[PDB]
S.K.: 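Take a look at the following structure, please.
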Amino acid sequence: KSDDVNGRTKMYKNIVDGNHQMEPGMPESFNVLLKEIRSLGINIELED
Amino acid sequence: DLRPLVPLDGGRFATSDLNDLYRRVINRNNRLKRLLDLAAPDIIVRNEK
Amino acid sequence: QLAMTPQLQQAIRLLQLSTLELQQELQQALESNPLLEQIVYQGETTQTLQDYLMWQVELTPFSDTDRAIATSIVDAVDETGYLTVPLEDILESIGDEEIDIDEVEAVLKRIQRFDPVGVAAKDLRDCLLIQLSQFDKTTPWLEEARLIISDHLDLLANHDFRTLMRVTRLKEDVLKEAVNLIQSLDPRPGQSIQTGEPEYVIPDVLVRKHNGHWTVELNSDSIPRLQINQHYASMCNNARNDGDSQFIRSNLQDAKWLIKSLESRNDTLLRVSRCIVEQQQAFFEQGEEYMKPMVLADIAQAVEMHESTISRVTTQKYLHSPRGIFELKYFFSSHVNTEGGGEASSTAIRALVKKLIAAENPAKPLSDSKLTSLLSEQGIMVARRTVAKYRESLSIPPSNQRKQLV
Amino acid sequence: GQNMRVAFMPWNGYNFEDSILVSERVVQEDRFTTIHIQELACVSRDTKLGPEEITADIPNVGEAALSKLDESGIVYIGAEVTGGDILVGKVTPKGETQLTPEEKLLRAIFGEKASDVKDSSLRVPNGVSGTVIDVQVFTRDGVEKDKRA
Amino acid sequence: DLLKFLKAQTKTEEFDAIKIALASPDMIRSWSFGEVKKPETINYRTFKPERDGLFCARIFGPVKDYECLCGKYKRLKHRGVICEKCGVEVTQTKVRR
DNA sequence: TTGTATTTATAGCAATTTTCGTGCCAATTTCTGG
DNA sequence: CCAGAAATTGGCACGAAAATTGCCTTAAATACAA
Ligand SMILES: [Zn+2]
């Protein structure tokens, strides 16, 4: 509903098709936070 | 794209805060590089650093 | 008699630089001379034509291959809604060897019926046919317009209106209605969704009319200036080393020379602008058609400079007037003679030709000979070939390509 | 305010917790009807590709959408407008000095006015309605005034 | 194959933990795609990003989808191509994020 | 007192290239009279 | 109706005018030492 770019489109397409299911995905604000923290000289990353 | 410019009426683009900080850092770094290459007196390079 | 020291050539080269280039050069010289110095929003996402097309594609029952073909087709659509590549390029971009040109044709035809209708058309004829295919059969002149669009469009663009009668076997009553129906369509279906912003320029000099006379002044928001760093200048005296003193003295000398050169450039530009404004005064009062035919030698004599200096100064500098923004070289033009004795500027002639063409009879547009005859009543005496050249410069079609059905 | 005939009693829960029950005669007599006035502004500026013009010739739109504009491209006084209606017609010039054969064909078929022109007209925002009661025009000194001014 | 290319840009990264540590200069250099050398942002004459600036297209990516800065390569058939004139990759414009 | 070094002041000349209006004339379009 | 005549258009050519571009380290004012 807020900030998953692919999830919004997939949910809208599924709703128009009568399939009430979602693929959650990853919020974009978390990626923005990761980039901002990396810009401070700190190595933060997701693993596995 | 995480630090965009401000497009306003009249074609003015102005600036953002992060962009201003980056510009100041880049200007200081370039001046220090040129002074170090030119073998400037230490009294000026210390202030530049 | 002029000694070309490598710094006089630097002062001369500074005249012909625009404000942006001058600022870049000032920054470059500023980062090398220590004694020189200078005195949350995020936005919104806007929907374009391609975003709308992809939104419609995602809500269309396509297969995976058809969806990839649709993505390729929507990618190659410009602002006006026309397909910018042949279908062979799309087929190559697909990268699969099991797809024929027919599937791409079917996908393109499906896409062409999106909103707006006629988008992703190959050319004007295809777009017009697509738009016409969505009309109900009750349209009074659908068939004649369809025939004209499908078969004979080149001679319709040539404004024949006579061979069209012979080939289509019609009359003026029906042909005019068919042409009006054709002209009622949308040549650019993709301009329904418009995005962007106009681009502006920052003038170098401003001219106003105050107390009944024209005043010219440099624009203070863009005039370049530099300043002497006093902190490092206070160290010019002995600092327990002779090399430091020599370095400071040389850099201070160079900085002072650069500041003097900048001030001289600004003064020269202001004087040239004042002379230009004084020479062309009727233009700022009554617009065009009153331009005087002045050249570089005319300005170079009122300021006691050389023609080369005037040529260098007036390069890529803009003047703002109550009429608009000009390039400061738009005021220099050629001339033709005059019956009463004098000269007429080519800008005035172009304006007069535009005004005369804009108010002619649509049934019988004026030719170049008629325009020359009309101009030879005010005492201009301009050649027919020159009138044709002016009309071509104005991008106005010839007489046989300007007539309507009246 | 207004003097209203009022009774203090519960009425079927329609005045539960500060709720107010109002008779239809109050609505019919327009005792609490108010007038609200909104202002919209359209600015024509100067660009590098010529100046923007306030004009009645918007080539892409139809004849009906220009029915409430006068000869100067401004909405009439007293017109009833709703969301999406054009108030002031303005065009932004787009400039290119090269004419491709497709552009030449378009200019020949549909005229040169449709080309090298964009649309930047002032329109009523969605969800806004009302009657045009006043129009004011401010023009820079030295610029020719239109008929409305 | 365009189908796999389109399917491979909507994939979801898999993870189960978050790691934080200090950044080495070599790590910082491996993060970057280029070096910023000039404080300019927009040319203000062509309204295009200046080279080696804070918005340079050679470093951070194209300003338009699948188009290089000069314009030699413009469509999806040239995806992944590095232009020899401007140095801008032919890819999506979201890589600037 | 003056001879000499240091600081200002010096943005023109003279080739060289580009643009100007306008004639020449073949190709293309319109017109008129039998 | 036909076709030749008449008119229209623009590419090419031409000399003059106009605009552009390279030049390479000078002379005169003035403060200071002898
Ligand atoms: Zn490129």
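Hydrogens, waters and symmetry mates play no part in the numbers below; they use all other heavy atoms, side chains included. Naming: A, B, ... by sequence-line order, numbering from 1 per chain.
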S.K.: Mapping C/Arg312 and C/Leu296 to their closest nucleotides on DNA chain G, which lands nearer the 5' end?
M.R.: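 Here C/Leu296 is the residue nearer the 5' end.
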
S.K.: Given G/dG10, is OP1 or OP2 found less than 4.0 Å from the side-chain N or O atoms of C/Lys389?
M.R.: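 So the side chain of C/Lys389 is outside the cut-off, no N or O lying under 4.0 Å from OP1 or OP2 of G/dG10.
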
S.K.: Output, in order, the C-alpha distance, side-chain angles, deciding distance and verdict of side chain to side chain contact (heavy atoms under 4.5 Å, CB included) for C/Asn158 and C/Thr163.
M.R.: CA-CA 10 Å; C/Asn158 284 330; C/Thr163 308; over 6 Å; no

S.K.: Given atom CG of C/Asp368 and atom P of F/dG23, what is their separation to the nearest angstrom?
M.R.: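 The answer, rounded to whole Å, is 14 Å.
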
S.K.: Can you classify the ring geometry of C/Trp214 versus C/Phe284 as parallel (below 30°), tilted (30 to 60°) or perpendicular (above 60°)?
M.R.: tilted

S.K.: Please find the pair of heavy atoms, one from C/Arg391 and one from C/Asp368, that lie closest to each other, and give the distance.
M.R.: NE-OD1, 3.1 Å

S.K.: Whole angstrom is fine here: how far is it from CG in C/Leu258 over to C1' in F/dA9?
M.R.: 16 Å

S.K.: Nearest to the C/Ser369 side chain among F/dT10, F/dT8, G/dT8, which nucleotide is it?
M.R.: G/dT8

S.K.: Can you tell me how far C1' of F/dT29 sits from NZ of C/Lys403, to the nearest Å?
M.R.: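 One finds 9 Å between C1' of F/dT29 and NZ of C/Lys403, rounded.
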
S.K.: Does F/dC31 count as syn, meaning its glycosidic angle lies within 90° of 0, or as anti?
M.R.: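 You should classify F/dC31 as anti.
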
S.K.: G/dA7 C1' sits how many Å from C/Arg384 CZ, rounded?
M.R.: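 Rounded to whole Å, this separation is 11 Å.
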
S.K.: Can you tell me if the side-chain N/O atoms of C/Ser399 get under 4.0 Å from OP1 or OP2 in G/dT8?
M.R.: no

S.K.: Given axes from five pairs at either end, by how many degrees does the helix from F/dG12-G/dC23 to F/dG34-G/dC1 bend, rounded to 10°?
M.R.: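 Rounded to the nearest 10 degrees, the bend comes out at 30°.
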
S.K.: How many Å lie between CD on C/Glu343 and P on G/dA17, as a whole number?
M.R.: 13 Å

S.K.: Is the phosphate of F/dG21 approached by C/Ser334 (side-chain N or O, under 4.0 Å from OP1 or OP2)?
M.R.: yes

S.K.: Decide yes or no, distance alone: a donor-acceptor N/O pair under 3.5 angstrom between the base of F/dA11 and the side-chain of C/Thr268.
M.R.: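 For C/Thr268, whose side chain was compared with the base of F/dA11, there is a donor-acceptor pair (under 3.5 Å).
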
S.K.: Rounded off to whole Å, could you give me the CD-to-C1' distance for the C/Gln316 and G/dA19 pair?
M.R.: 16 Å

S.K.: Of the nucleotides F/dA9, F/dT7, F/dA11, which one has an atom closest to the side chain of C/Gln253?
M.R.: F/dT7

S.K.: Working note: C/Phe161 + C/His159, criterion ring pair (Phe, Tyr, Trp, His ring centres under 6.0 Å); need CA distance, chi angles, decisive distance, verdict.
M.R.: CA-CA 6 Å; C/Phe161 296 153; C/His159 293 254; 5.8 Å; yes

S.K.: Between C1' on F/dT19 and CZ on C/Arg385, what's the gap in Å once rounded to a whole number?
M.R.: 15 Å

S.K.: How many Å lie between CD on C/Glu307 and P on F/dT19, as a whole number?
M.R.: 19 Å

S.K.: Tell me which groove the side-chain heavy atoms of C/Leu2 get within under 5.0 Å of: major or minor.
M.R.: minor

S.K.: Strictly below 4.0 Å: does C/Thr309 bring a side-chain N or O up to OP1 or OP2 of F/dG12?
M.R.: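 For F/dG12, OP1 or OP2 has a side-chain N or O of C/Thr309 closer than 4.0 Å.
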
S.K.: Per the atom types in the model, does the base of F/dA11 pair as donor or acceptor with the side chain of C/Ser308 at under 3.5 Å?
M.R.: no

S.K.: Respond yes when some side-chain nitrogen or oxygen of C/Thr5 is under 4.0 Å from OP1 or OP2 of G/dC24, and no when none is.
M.R.: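 No, C/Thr5 has no side-chain N/O under 4.0 Å of OP1/OP2 on G/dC24.
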
S.K.: Checking C/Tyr232 against B/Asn47: is there a side-chain donor and acceptor pair closer than 3.5 Å?
M.R.: yes

S.K.: By nearest atom, which of the nucleotides G/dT8, F/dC31, G/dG10 is closest to the C/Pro398 side chain?
M.R.: G/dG10

S.K.: Need the glycosidic conformation of G/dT25: syn if within 90° of 0, anti if not. Which one?
M.R.: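 That one's syn.
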
S.K.: Between F/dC24, G/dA19, F/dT29, which nucleotide gets closest to the side-chain atoms of C/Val295?
M.R.: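 Of the candidates, G/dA19 comes closest.
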
S.K.: So, C/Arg188 side chain and C/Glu79 main chain: donor-acceptor pair closer than 3.5 Å or not?
M.R.: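 No; judged by distance alone, with no hydrogens or angles, the pair does not exist.
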
S.K.: Name all residues meeting the salt bridge (charged side-chain N to carboxylate O under 4.0 Å, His left out) criterion together with E/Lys72; count only those two or more places apart in sequence or in a different chain, and write none if there are none.
M.R.: E/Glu84

